[PDB]
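Listed below, chain by chain, are the residues.
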Amino acid sequence: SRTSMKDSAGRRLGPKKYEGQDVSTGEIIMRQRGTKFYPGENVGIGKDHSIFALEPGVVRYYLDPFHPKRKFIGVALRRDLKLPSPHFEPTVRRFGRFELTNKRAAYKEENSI
Amino acid sequence: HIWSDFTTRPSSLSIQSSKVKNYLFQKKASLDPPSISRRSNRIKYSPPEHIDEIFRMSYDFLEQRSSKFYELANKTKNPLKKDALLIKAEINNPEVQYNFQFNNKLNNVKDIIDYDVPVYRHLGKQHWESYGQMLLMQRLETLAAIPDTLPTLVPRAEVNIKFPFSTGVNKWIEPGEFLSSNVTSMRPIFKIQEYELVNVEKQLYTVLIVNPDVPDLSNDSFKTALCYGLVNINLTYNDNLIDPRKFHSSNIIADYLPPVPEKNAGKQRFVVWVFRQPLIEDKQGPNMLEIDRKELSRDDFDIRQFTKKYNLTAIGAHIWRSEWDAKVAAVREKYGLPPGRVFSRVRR
Amino acid sequence: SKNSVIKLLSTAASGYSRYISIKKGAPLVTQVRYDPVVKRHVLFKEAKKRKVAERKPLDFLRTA
Amino acid sequence: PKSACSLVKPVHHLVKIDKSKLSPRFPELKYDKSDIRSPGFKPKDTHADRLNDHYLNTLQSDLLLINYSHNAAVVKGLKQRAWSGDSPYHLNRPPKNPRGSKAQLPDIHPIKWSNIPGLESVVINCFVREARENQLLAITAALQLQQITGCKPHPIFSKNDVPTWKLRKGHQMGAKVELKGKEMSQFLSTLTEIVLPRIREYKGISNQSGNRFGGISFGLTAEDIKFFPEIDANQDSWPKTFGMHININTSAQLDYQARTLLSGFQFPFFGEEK
Amino acid sequence: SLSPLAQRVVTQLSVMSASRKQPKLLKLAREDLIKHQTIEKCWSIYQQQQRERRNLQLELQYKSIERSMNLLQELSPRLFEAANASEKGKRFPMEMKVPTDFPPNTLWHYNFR
Amino acid sequence: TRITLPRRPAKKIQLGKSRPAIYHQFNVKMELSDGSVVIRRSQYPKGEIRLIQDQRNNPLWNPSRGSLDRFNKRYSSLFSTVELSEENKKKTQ
RNA sequence: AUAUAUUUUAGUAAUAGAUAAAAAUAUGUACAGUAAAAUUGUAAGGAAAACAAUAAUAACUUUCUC
RNA sequence: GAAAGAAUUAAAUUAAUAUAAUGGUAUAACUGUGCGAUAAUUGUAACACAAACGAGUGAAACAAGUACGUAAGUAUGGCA
Ligand SMILES: [Mg+2]
Ligand SMILES: [Mg+2]
Ligand SMILES: [Mg+2]
Ligand SMILES: [Mg+2]
Ligand SMILES: [Mg+2]
Ligand SMILES: [Mg+2]
């Protein structure tokens, strides 16, 4: 006899973060083999086509008319925003830094070049 | 022979250099080109054979065509059509081609390239479309100065800026340049070169330099800042350099505040926009407009809202972008602005 | 053994060195990489000696 | 590489950015090849083309007159058929391929003053099959082609592999040359006058030859090439000589129109037409 | 090193090649360049005009044919039918030759068949 | 086994610097079978050629309009139609 | 026309185009383009070597012209 | 009315992807070409995915240096 008793395990390749879900920077929204979902707004894409969040926000799945026949995952900076954002409106940006109210810290920062 | 006549036609259509003109129009290939300044090089040079007679024939052909066009041009009443006819007549003139190609378009001398003349203006427009306009568009799109400030641009006027008063050096700013705080310490100089047919006497303009990237920590985002605001400026095709000479203190809706980027706040886009005024009929002379100076604010400035209010149309744009350096504190001190904030290096 | 290991020693004489793999008869492998002792990009060269598959030096000067 | 995800970003303006012009890399390349300042400059309209002039004067009007069919409407070709929506599986389904063919066929227009048939291009494909043994034979064939045309040939390489015929893949084997405009016209004139009459039992081009749409072809043996005046003048210099295929491409809607056009330029046609 | 056949092949190759056979680049003065441009542009315009003239003439001929055929259809149906036949295998006569540079010894043949 | 010319390193034609192959060509006069001359540009150095067998003397191109030679030469006194009629009895075949 | 001297040419070798599905540098970046099959043909060529051809132009810009 | 350009629409990922099979890829990840041969570099790597541990995977950001690109930027080996 000779049996075909050999197989790899399942690659855990679902969506790891869902519509309306809060995200943090670095977090993986999708694991996939090839771009089933394309990286949308405020979202990066890795070597393994893994969509990850570039900013803190709300994960949103959407279609964009500019790219028909392509699904997108992006991260809205608030829950208020429809994440296929209006084209000619200005981009919702995050400053994401804090001023150094502390005097010593500010001085150190000024010194550093 | 319409192109030899200068009774009704401007002086600019001729070549001002006499030697060059003589070289162009001779009966044999005897003379040597004025372009080649050096004797040895002239000796070395040999122009292609038979070029003269054929050239003369071509001139005659195109001169005839121009004359025919002129027959139509004078009968025409409406202005844009007339201008187009004039362009058609003179665009193939060798002399005007020589003038345009081989002399400066930016700081045009009126006798050589007159932008009051329609043909020369058309040529200048074409030149702008070929390179400078495309570049400007690229810099607006890539840096994200269009959607962030003002939705779109349909580039009509070529806008070039300069910073003569601060340092001393002469340099037209390439769009999307990084300028030092020393360079942009004092105000800039605009040159709004208009290529469309427009009423020079009536048409006024406004110029707004806006900084979309100043950080607002309440919103955790950015806000706009009107760094320099002029209104009701008069341009002329040749007389178009917007300098403290031209505009009065009444024209300044918001007088120049310099780029003073904060440490680690990032790179700050400064995108000048040039709008033309709405032109009112049944009113001789330039129609002014009053700006509510308490209503518009400098620390936060809705450009789009402002445009909507005064019914402006953005014809031109230019952009530089400043970031923090050692001298920004000195600039602030000179202007009497406060010490200036310092942010964390990490965008956490 | 088809692919052998080699030691690339930094040309700026720090002592820093990086190791890479090559085919047995591959050309001499020099590469410019960051030397952290010197804090710059420097040339690396093979410290040891080894035999090479001798390619005919292609002649740009048109011979004969 | 952090990723392979290709995704062109949309823009916020309608100006067409020519990216080539914004660089300062290839200043000679910014000029058109027609422009004198380009190193690629070549005098195009050097002398009056004779065959072309003849076509313009005599033939074109005659051809138009021939091809007039009264109130002739357009004949649509075989195209990809859409599905009837009589099932919800038709909803994003690709269209059925054409009726007879796998590839779509073009519409045949009525001939009017605009779309009169005329010569478009000649291509002279010479694939020498002995060059599977000897690469130098390909070179000689290319030279011959150049001599014949006065135009630069392009080398043909073996695209396929096969054992029965001793043929490798990626081996230089003969050459080709697409003639266009005045050189092509000259070549046709030479064919009509010098070469094809010196072929002994030459009936003509077959009427069964051709594409379905405005393309006619034939071939010359190695015996026939020695009648070309460039080859004939030095028979010592040309010991070997290679046959060739000659693809004539017309601006004809159909093949009978193309045949008629070629006849106008003194090409004989012998076989029973389709 | 090389055979006589190899040598002859090399010579043949050289005939086709641009190696050390081509002159210097055609440089012009600015005035000369302008003159050239004006020559070329004018020529191009002339060619366009000629094309339009010929094209116009062809259009006029087509219109005349259309006018004729309608009239024929109106008057005599049989004549119209005869006119409007498929001329699929129509061949230009072999006497209508492509006009040479200079004429032959016998300009015209008065007898035939 | 395969006869070849082995390639040297190729010369780098830079982008923009590529020049079109304008081969050396002479204006050559072809006189056809009849006296009709035609000018054609040609690469071989010969200003004038006169052709013997052309379309202008081929029957296919105008329908409306040396062993044999040796034989004629050495059977000339006999003068070899009448001769055909004499030597053509079609009974035997 | 011919002699000597001093040079110059002839080492004859392919890409001429940002080349684009013959073969060849498999990682970077910048710019650009589209394959395949099947069908109709064509010198040896044949089911199977190579080359050609095979969906639609409404609107827009420029040019010439009635 | 004609010529040229810009192109758009339809179709296609059946070819091609160093290599199995699957998913992805013409907006090309496929192919050609210039430069290059550098990022098949150096210290800190949060946060995620996966996950008994040992390991494995994607990776923002900070700092040093390099290559290409007018620029925007891209590159810490290869469509996965
Ligand atoms: Mg599994
Ligand atoms: Mg697949
Ligand atoms: Mg878990
Ligand atoms: Mg662990
Ligand atoms: Mg790969
Ligand atoms: Mg790759």
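The structure we're discussing is the one just above.
A brief look at the structure comes next.

About the thresholds
- Residues numbered from 1 in each chain as written, not as in the entry; some residues may be left out.
- Chains lettered and ligands numbered in written order.
- Part of a larger assembly, values for the part shown.
- Heavy atoms only, no water.
- Residues with missing side-chain atoms left out of burial classes, pairs and counts.
- Helix = DSSP H or I, 4+ residues; strand = E, 2+ residues; numbered from the N terminus.
- Rg over C-alpha atoms; globule rule 2.2 N^0.38 Å.
- Buried < 20%, exposed > 50% of the residue type's maximum accessible area, 1.4 Å probe, protein only.
- Areas by Shrake-Rupley, 256 points an atom, 1.4 Å probe, with all protein chains shown as cover.
- Near = heavy atom within 4 Å.
- Polar contact = N/O pair within 3.5 Å; in protein donor to acceptor, adjacent residues only side chain to side chain.
- Nonpolar A, V, L, I, M, F, W, Y, C, P; charged D, E, K, R; others polar.
- Pairing = 2+ DSSP bridges.
- Axes fitted to C-alpha atoms, helices over the stretch in contact; angles between N-to-C directions.
- Arc of directions from axis to C-beta.
- 1 Å grid on protein atoms, 1.4 Å probe; cavity = no way out; pocket = protein on both sides within 12 Å on 5 of 7 lines; lining within 4 Å.
- Points joined across faces, edges and corners; volume = space filled by probe spheres on them.
- Contact = heavy atoms within 4.5 Å.
- Buried area = accessible area lost by both parts, 1.4 Å probe.
- Salt bridge = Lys/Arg side-chain N within 4 Å of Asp/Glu carboxyl O.
- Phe/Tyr/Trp six-rings, centres within 6.5 Å; stacked < 30°, edge-to-face > 60°.

### Some remarks on the overall build of chain E
- Along chain E, the regular secondary structure elements total three helices and zero strands.
- Put simply, chain E runs from its N terminus to its C terminus through helices and strands in the order α-α-α.
- Relative to the compact-globule value of 13 Å for 113 residues, chain E shows a C-alpha radius of gyration of 28 Å, a clear excess of over 25%.
- With respect to the three principal axes, the spread of C-alpha positions in chain E is 85 × 50 × 35 Å.
- Expressed as a percentage of its 113 residues, the buried residues of chain E come to 23%.
- Summed over its atoms, the accessible surface of chain E is roughly 8500 Å², and 55% of this surface lies on carbon and sulfur atoms.

### Quick notes on the protein's contact with RNA strand G
- Every one of the 79 residues lining RNA strand G counts as a neighbour, but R62 of chain C, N125 and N160 of chain D, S14 of chain E together with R19 of chain F are closest to it.
- Sugar and phosphate atoms represent 56% of those atoms of RNA strand G found within 4 Å of the protein.
- At 2.5 Å, a side-chain N or O of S14 of chain E approaches a phosphate oxygen of RNA strand G.
- In terms of residue class, the surface near RNA strand G is made up of 30 nonpolar, 28 polar and 21 charged.

### A few points about the sheet that holds strand β3 (residues 48–50) of chain F
All names here are of chain F.
- Here three strands make up an open sheet; going across it, the order is β2-β1-β3 and the pairing mixed. Each edge of the sheet is formed by a strand with only one pairing partner; in this case those strands are β2 (37–42) and β3. Sheet twist, expressed as the average angle between the axes of neighbouring strands with direction ignored, equals 30°.
- Sheet topology note: the strand β1 (residues 26–31)/β3 ladder contains three bridges and is parallel. Looking at β3, one finds that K29 is bridged to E48.

### Side note on helix α9 (residues 303–310) of chain B
All names here are of chain B.
- Every buried residue of α9 is listed here: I303, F306, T307 and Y310. Summarising the axial view, the buried residues of α9 lie within an arc of 100°, below the 170-degree limit, and thus occupy one face.
- Directly beyond the C-terminal end of α9, a positive phi value near 60° is found at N311.

### Comments concerning empty space enclosed by the protein
Residue and element names in this part refer to chain B.
- Taken as a whole, the largest cavity encloses approximately 60 Å³ of empty space.
- For the largest cavity, the full set of lining residues is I192, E194, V198, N199, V200, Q203, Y205, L235, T236 and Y237.
- Of the residues assigned to the lining of the largest cavity, the class counts are six nonpolar, three polar and one charged.

### So, the sheet that holds strand β6 (residues 226–234) of chain B
All names here are of chain B.
- The five strands lie next to each other as β8-β6-β3-β9-β10, forming an open sheet whose pairing is antiparallel. Of all the strands in the sheet, the pair left with one neighbour each is β8 (252–254) and β10 (313–322). On average, each strand axis in the sheet is inclined to that of its neighbour by 15°, with strand direction left out of account.
- The pairing of strand β9 (residues 268–276) with β10 spans nine bridges and is classified as antiparallel.

### Section: the environment of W113 of chain D
- For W113 of chain D, the location among the structural elements is in the loop between α2 (50–67) and β1 (119–125).
- As for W113 of chain D and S61 of chain D, which are separated by 52 residues in sequence, their C-alpha atoms are 8.6 Å apart.
- Other than its neighbours up to four places away in sequence, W113 of chain D contacts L64 of chain D together with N55, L58, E59, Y62 and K63 of chain E.

### A look at the interface of chain D and chain E
- Of the residues lining the interface, 46 residues belong to chain D; the matching set on chain E comes to 41 residues.
- Across the interface of chain D and chain E, roughly 4000 Å² is buried in total on both sides, 67% from carbon and sulfur atoms.
- It is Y68, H70 and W113 of chain D that lose the most area in chain D upon contact with chain E, and together they represent 20% of the buried surface on that side.
- Between chain D and chain E we count one salt bridge in total.

### Side note on the packing of aromatic side chains
- Counting across every chain of the model gives 27 aromatic pairs over all chains.
- Seen from their ring centres, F301 of chain B and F306 of chain B are 5.5 Å apart, and the 50° between their planes marks the pair as tilted.
- According to the relative accessible area criterion, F301 of chain B is buried, its value standing at 3%.
- With 6.1 Å between their ring centres and 35° between their planes, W43 of chain E and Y46 of chain E make a pair best called tilted. Here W43 of chain E and its partner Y46 of chain E are both found in helix α2 (residues 30–75), three residues apart, which amounts to about one turn of the helix.
- For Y46 of chain E, a relative accessible area of 37% puts it in the partly exposed group.

### Observations concerning the arrangement of the chains
- Among the nine pairs of chains in contact, the pair with the most contacts is chains D and E.
- Of all C-alpha pairs spanning chain C and chain D, none lies closer than 18 Å, and the two are not in contact.
- Between chain A and chain E there is no contact; the minimum C-alpha to C-alpha separation amounts to 41 Å.

### A closer look at the protein's contact with RNA strand H
- In the neighbourhood of RNA strand H, 62 residues make up the surrounding shell, with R33 of chain A, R321 of chain B, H41 of chain C, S23 of chain D together with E52 of chain E lying closest.
- Among all atoms of RNA strand H positioned within 4 Å of the protein, those belonging to sugar or phosphate total 77%.
- In this structure, a phosphate oxygen belonging to RNA strand H sits 2.7 Å away from a side-chain N or O atom of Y38 of chain A.
- Separating a phosphate oxygen of RNA strand H from a backbone N or O atom of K47 of chain A is a distance of 3.1 Å.
- Elements represented by at least two residues in the surface near RNA strand H include exactly β7 (67–76) of chain A, α7 (132–143) of chain B, β3 (31–35) of chain C together with α2 of chain E.
- Considered class by class, the residues forming the surface near RNA strand H number 22 nonpolar, 18 polar and 22 charged.

### Focus: the pattern of salt bridges
All names here are of chain B.
- Per the stated rule, a full pass over the model turns up 37 salt bridges over all chains.
- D83 is the salt-bridge partner of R121, the closest N and O atoms lying 3.9 Å from each other. Linking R121 in helix α6 (residues 118–130) with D83 in helix α4 (residues 79–90), this pair joins segments that are 38 residues apart in sequence. Each member of the pair, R121 together with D83, is buried.
- Between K267 and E323 there is a salt bridge, with the nearest N and O atoms lying 3.2 Å from each other. Taken together, the residues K267 in the loop between β8 and β9 and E323 in the loop between β10 and α10 (328–335) connect sequence positions 56 residues apart.

Geometry only, nothing functional implied.
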